[PDB]
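To start, the structure itself, in structure tokens.
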Amino acid sequence: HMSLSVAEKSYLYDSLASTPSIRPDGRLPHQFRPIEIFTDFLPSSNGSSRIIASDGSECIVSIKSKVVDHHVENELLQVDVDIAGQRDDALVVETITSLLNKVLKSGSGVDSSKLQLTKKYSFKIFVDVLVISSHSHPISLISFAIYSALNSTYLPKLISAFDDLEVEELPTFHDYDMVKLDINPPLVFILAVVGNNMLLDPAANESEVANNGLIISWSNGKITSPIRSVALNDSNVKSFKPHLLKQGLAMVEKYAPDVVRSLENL
Amino acid sequence: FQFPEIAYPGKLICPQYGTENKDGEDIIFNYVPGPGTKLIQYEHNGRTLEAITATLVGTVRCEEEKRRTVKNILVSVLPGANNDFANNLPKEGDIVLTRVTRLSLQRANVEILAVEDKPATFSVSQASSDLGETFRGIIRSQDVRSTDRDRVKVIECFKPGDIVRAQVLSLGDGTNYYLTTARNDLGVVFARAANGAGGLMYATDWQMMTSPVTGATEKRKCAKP
Amino acid sequence: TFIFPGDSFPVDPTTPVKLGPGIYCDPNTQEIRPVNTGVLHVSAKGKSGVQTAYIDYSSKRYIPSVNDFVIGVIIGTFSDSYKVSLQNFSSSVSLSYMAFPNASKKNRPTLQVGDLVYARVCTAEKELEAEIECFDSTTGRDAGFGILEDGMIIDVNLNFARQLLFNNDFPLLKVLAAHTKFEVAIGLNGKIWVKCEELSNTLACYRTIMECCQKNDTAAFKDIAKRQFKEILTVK
Amino acid sequence: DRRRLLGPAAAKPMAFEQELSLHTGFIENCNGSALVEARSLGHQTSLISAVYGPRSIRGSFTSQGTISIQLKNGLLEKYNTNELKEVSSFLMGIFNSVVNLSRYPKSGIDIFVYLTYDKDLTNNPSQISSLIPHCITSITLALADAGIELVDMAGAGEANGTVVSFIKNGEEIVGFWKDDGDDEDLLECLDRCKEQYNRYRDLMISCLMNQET
Amino acid sequence: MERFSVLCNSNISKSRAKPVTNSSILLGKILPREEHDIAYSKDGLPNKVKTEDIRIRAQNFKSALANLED
Amino acid sequence: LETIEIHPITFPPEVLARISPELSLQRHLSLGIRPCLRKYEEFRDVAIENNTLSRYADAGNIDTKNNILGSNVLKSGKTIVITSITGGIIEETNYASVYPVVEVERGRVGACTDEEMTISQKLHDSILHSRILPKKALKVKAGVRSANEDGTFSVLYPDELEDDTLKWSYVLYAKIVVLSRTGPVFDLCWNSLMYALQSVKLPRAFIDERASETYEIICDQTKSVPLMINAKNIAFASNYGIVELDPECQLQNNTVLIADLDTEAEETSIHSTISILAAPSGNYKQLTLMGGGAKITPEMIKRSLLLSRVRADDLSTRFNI
Amino acid sequence: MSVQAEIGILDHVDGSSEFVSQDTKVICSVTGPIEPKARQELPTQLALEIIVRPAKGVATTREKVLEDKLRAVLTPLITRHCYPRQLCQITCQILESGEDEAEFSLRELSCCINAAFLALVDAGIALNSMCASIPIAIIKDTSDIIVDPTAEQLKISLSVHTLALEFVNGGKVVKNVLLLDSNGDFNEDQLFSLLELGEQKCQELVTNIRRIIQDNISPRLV
RNA sequence: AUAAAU
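Chains as they are written, first to last, in the numbering used here: chain A, 8 to 273; chain B, 3 to 227; chain C, 45 to 280; chain D, 34 to 246; chain E, 960 to 1029; chain F, 160 to 480; chain G, 1487 to 1708.
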């Protein structure tokens, strides 16, 4: 996104590619920038969140539910990604959409048992993402918002019996009463590769000079798929040694619980 | 003999610098990249290293070009019908065959089709003419002919569709190249009567083009065989 | 004697005929053949050896020709000239700044975009942008070509405009003079400029010329002006 | 639809040892082309890669080249359009390191990869991950055939859904694709794909030598 | 240069000049197939042309277009 | 008069083509040759691969995922054509056609060009008018599926009932991909579609007890019947052109017609053309004529009919073997 | 061959016409020469924008074929080299099919060719020659060649034909055959008997057409 | 040298 001159980029590379790596800001290779998160502001929805970054990057997530027959509806969690002033079709949109749907699959990184109502019916979860503004790869930004939203989601409570095979009662839900959606949303961390250094939460200027990048998912206190290498820019993309890949996975594996801990506060 | 005759893309050919011992004196061979080769950086065991690496699948040819002796060797890779020829690009001094796309009063813009090589043979630039991806060039009214540079009637010089052999003075901007037909061997080469509606016309006089078929004569800027 | 395209020509091949609108000389076969539908008009001068012809046909899309009087509108200004369009959806024409009386490289004309100008086409090539000039040498010492002020402009087919400019037997200018004072500019590009002292008279002229353009009748036109100038009175 | 002939809209669709074959330069419509066919067990994949470029972009001030990759469904409509865009983004992240971009300023290289077929056999009492190393093989061949300068030969392998692309003789990595499968397969997949890379590399180099000869 | 030898030498050794086996399951035989031509005699039967002969038709035209000025 | 000694500026064969498409054609026609190095009536060789991409490619092993009913790969010269036939089930409450989607690849992204639009319609119109596919041949003969309580699975279908009726109807969707184009390509797409239609299998359909909740109606994953089309109406495509060349030919010790147009030079400069769909029976399905560059004498039409008939014999022979 | 046509019926177009054969009624409009879009521009010749609108529904691929065939006729008719880097918009709005559009497009195509030609004449665009188009059909039992067939005749036809010829020399010399679109199957004897009788009725039509052109236009001229 | 390169 950001446009920089050849001189500025080289200086940034020198600052960040140094053996004692220094952020232009001054951050450490594992320090995130401060974010603000709002939740439960959309009463029309079952759950909602709004995340604001330090560079003005803003993302809004909404959670809606629908009763479906899990015998015909394979995917019980659908992620939808959007950006105002941006066409839906764009390569970045579909890629993030495809990626996010894999991160939150029914039988991969999500306890889909908590969505089951009866033998025959279950709750389909629609996770709608709206990226108002972003200056870098918003994959990690969206991930934090989806997490916050799914941890403050409330679904209707069933009243009728849960055996459609025999008695076959029509799904009825008691008025007013609702049950909080107990689930373990995964997180998606993005890393930047500048020389032999690995940075958590790459800034805009940092990503521009990066040699490569990593997209690493996180669930149940361990590294999980999808794991994707990603070109943060397209002018300075280079191959990387395998030890860097193992360094990145190790880096996430030790700093993720700290992030989750700061994120798990109700 | 030290370097492989034929190299695939990514195959190491020769290091940055080289030297040998002959006649009781050290002769320094300076290896420089060429068409089909690219000087890149490779590091082994924490050691940095620069070496000439071929980027095209071809036989490899070297050629010398310029007390204690001094030398310069040119390392290149040549492929080895279909012809691509990308390395070839309009540069100041080259001769280029163009076709007139439109006529204005103070200038005449064309499009580049082929470029003359060096010792005739030409390099055809393949592109879509119905898109605009083809390189465009502009011939100024002052660059039409050395005779009377000030006042030149562009209508009586070129014509839409006529083929013009010219030489590019400069790159110009991204839109238009600079073209001059000032010399004798430059001008309208192939053309037809009535913007291409009539029969073929041939070049007789430098400022006159006639057609030995319908007897038609149109005023053009003709070159010399 | 109506003439249609592809029609046989009586004239002999050895003897040339001067080109006229409607008449086409094939660049390939060198044959002279009519391409428009209408009345053939031929003029012969002297006992022998010269001829001229054209076809009066109904067309409304103007094509610039040398020594044609046209009324254009200057949409925009370039570095050394005005961009003026004679007609809608038609190629732009090049008008030189230096193509004015008392011209100088220091002082550009005061014409603004949206002004009407009376102009004559000097150089008009098929494959080149046409050019017009405010002053025409042929007419006289003074062209009488200057940008029009106010008034009203009228769309009219090329035939009706050509008859209004070259034919003195055309009663239109006479029947309008019998009703009111008016000044008129006539363009071969099918444009007619009309201006009176009062708007009601200019409007009345507009409506008459339009109907005359529509009606195409000598008898109707005299009456037409009668009912038009009458209708304005009551409308007043 | 006023663009194509979709037929009746009230109707419904139908409801019910590694071996390689390489061929390049069989398309005269573009600057470089490649055909890749692989058959393992009951599963086989045939795809075609078409390269158009490098062609000049008017008004472009880019000091380097611009690569665009798009995957298409030739016959069987299986893979989602959203997923095709994802792989395309992954593929471009690879060749932007492979292709010497400094050679083509103010220019762009378009890469079309037609997935005409893949055959899948599943027994009854990811998916596109297996095709990825074949797409990389096809593109690297089509680019080298076209005349595009490549810093190194790009190749990859698929091990338990974990795809990783190598250059510089497996010493470094130009791409990494992990979906599902199992954990702690980091060291294993890196070694298994490195063997597939070296195997795919030599056959790719031999391919150019054969056709070029 | 000696460093070149150990690494370069190692790299050269690895390929092993391995044998290559050629086959096409479906597409390969048909797609890379070179251009071909046939001619229908008065019998209405198609007739094939030698590949060398077809080229000769090409090289003969090139000589008849260049050298044979009138 | 003028008698002039002057030299015509000559260009290499590859440069002459870029400079002028007509000039590069005339120099060829003067020696009785074409830019594609073929004579006036010389066509392009045709080699195909049928039922290679279909699910019914192998008798023993049938693809459970593949939904292609019939397929064909074709390559005439440089241009390659890949045709795939899919299907649908439609309830129904004289001859028909198929709905083709031709994708000509030129290396440009965007919407469908006017070429792909016209061809898709031209294939649909010609099949519809050549009376290849009757609406009765698309009639779906359904069946029943009765299941034992884990004891057995039973499927029953009756041949007799359908004959008496003499009702779901089949719909054939087609997609045609074109690689390496070099000229007029409608004929190639037609021929590939014809070979593909010659080998189409329609899988039988049946419903497990269900009530008009959601009910899914299904086809069988194994059993199928061959599509019956009129071989007497089956036609094939070929293109022809008319042009005049001025150039003189030297001698060392009156219109001309070209068959099967290829190369830019012929597609661009030849404005008098003839297109024919001809049948072995000798019945002719269609004829395309448009003269824009030269007069079209009746003697040239006859040659085209003879040329087209010969092509039909050749194409017909290939299908048999 | 009792066709009826009107010329110059539209106000905001350089040229227009309304051709009617039997039921089949088509109105056409022509604007040009005018400024072309960049993608339309031809360096030396005139660019043709040809549009065909159906009587019912929106334009589909069917009309895309009508546009293509109509292009093959109008292209060599117009002296395009007179208008380099210029555009000519040609729009045909079929008002009434005069035939089962689900089966045939014969009469609509011929009527579009005749109407487009008339609109080009009205617009005053350089034409190399004249042109006329007629629809022809063949019967299932009788096998007779019927020129200008009705809709009912088409239903029972074995083949349908569109013939458009290029005329010069006062409409007496067939310069070329612009378009022949034959769908169906044919016998040689019937074809030339068709062409012989067809040429006669065409020549009669031109004579009628010339009469109509002179009668309407002459009052406008002086 | 009285207002220069939309």
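Backbone N, C-alpha and C fix where the C-beta goes; we use that ideal spot for every residue, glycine too.
- The three-state secondary structure of residue 459 of chain F, taken from DSSP, is helix.
- In the DSSP annotation of this structure, the continuous segment of the alpha helix (DSSP H) that includes residue 235 of chain D starts and ends at 219-245.
- Secondary structure of residue 305 of chain F (DSSP, three-state): strand.
- For the C-beta of residue 1021 of chain E, not a single chain D residue is nearer than 8 Å; the gap to the nearest is close to 19 Å.
- Annotated three-state conformation of residue 123 of chain B is coil, per DSSP.
- Around residue 245 of chain A, the same chain offers 218 as residues with beta carbons nearer than 6 Å, after the five sequence neighbours per side are excluded.
- Residue state for residue 280 of chain F is assigned as helix, using DSSP reduced to three classes.
- Sequence-distant partners of residue 151 of chain B (beyond 5 residues in either direction) whose C-beta falls short of 6 Å from its own C-beta, in its chain, are 144.
- Membership of residue 270 of chain C in the alpha helix (DSSP H) is indicated by the continuous run 262-279.
- In the structure shown, residue 1499 of chain G adopts coil according to DSSP, grouped into three states.
- Per DSSP, residue 1701 of chain G lies in no beta strand (DSSP E); the unbroken alpha helix (DSSP H) holding it starts and ends at 1674-1703.
- From the beta-carbon of residue 87 of chain D, the residues of chain B found nearer than 8 Å are 88.
- Taking each of F:259, F:395, F:295 in turn and checking the Cα distance to residue 354 of chain F, the smallest one comes out for F:395.
- The three-state secondary structure of residue 86 of chain D, taken from DSSP, is strand.
- Using beta-carbon distances, residue 1544 of chain G counts as an interface residue toward chain D, with a partner under 7 Å.
- Residue pairing by DSSP places residue 259 of chain F opposite F:333 in a beta bridge.
- A distance of 7 Å or more separates the beta carbons of residue 101 of chain D and residue 172 of chain D.
- According to the DSSP assignment, residue 362 of chain F belongs to the beta strand (DSSP E) that extends over 360-367.
- Judged by DSSP secondary structure, residue 349 of chain F falls within the alpha helix (DSSP H) whose first and last residues are 345-356.
- Shown in chain order are the members of the stretch 188-200 of chain B whose Cβ falls below 7 Å from a Cβ of chain F: 191, 192.
- A straight-line Cα-Cα distance of about 41 Å links residue 144 of chain A and residue 50 of chain D.
- Restricting attention to F:431, F:193, F:444, the CA atom closest to the CA of residue 1652 of chain G is found in F:431.
- Judged by pairs of C-beta atoms under 8 Å, the stretch 199-219 of chain C touches the stretch 254-265 of chain C, as three or more such pairs exist.
- Listed by position along chain B, the residues whose Cβ is nearer than 9 Å to that of residue 182 of chain D are 11, 38, 40, 57, 58.
- Contact of residue 175 of chain D with chain B is not assigned, every C-beta pair being separated by 7 Å or more.
- Contact with chain D is found for residue 1547 of chain G, since one of that chain's Cβ atoms lies less than 7 Å from the residue's Cβ.
- For the stretch 204-270 of chain F, the continuous beta strand (DSSP E) assignments of 3+ residues that do not extend past its boundaries occur at 205-209, 229-235, 238-249, 258-263, in sequence order.
- The Cβ atoms of residue 138 of chain C and residue 125 of chain C lie closer than 7 Å to each other.
- Per DSSP, reduced to three states, the secondary structure at residue 300 of chain F is coil, with no helix or strand assignment.
- With fewer than 16 other beta carbons inside 10 angstroms of its own, residue 1627 of chain G counts as exposed.
- In this structure, residue 52 of chain A sits near residue 70 of chain A, with a CB-CB distance shorter than 7 Å.
- The beta carbons of residue 75 of chain B and residue 33 of chain B sit closer together than 7 Å.
- A direct Cα-to-Cα measurement between residue 66 of chain C and residue 1512 of chain G gives close to 28 Å.
- Residue pairing by DSSP places residue 475 of chain F opposite no residue, since no beta bridge is assigned to it.
- Between residue 156 of chain A and residue 9 of chain A, the gap from beta carbon to beta carbon reaches 7 Å or more.
- Taking the Cβ atoms as the reference, residue 107 of chain C lies roughly 19 Å from residue 83 of chain C, outside the contact range of under 8 Å.
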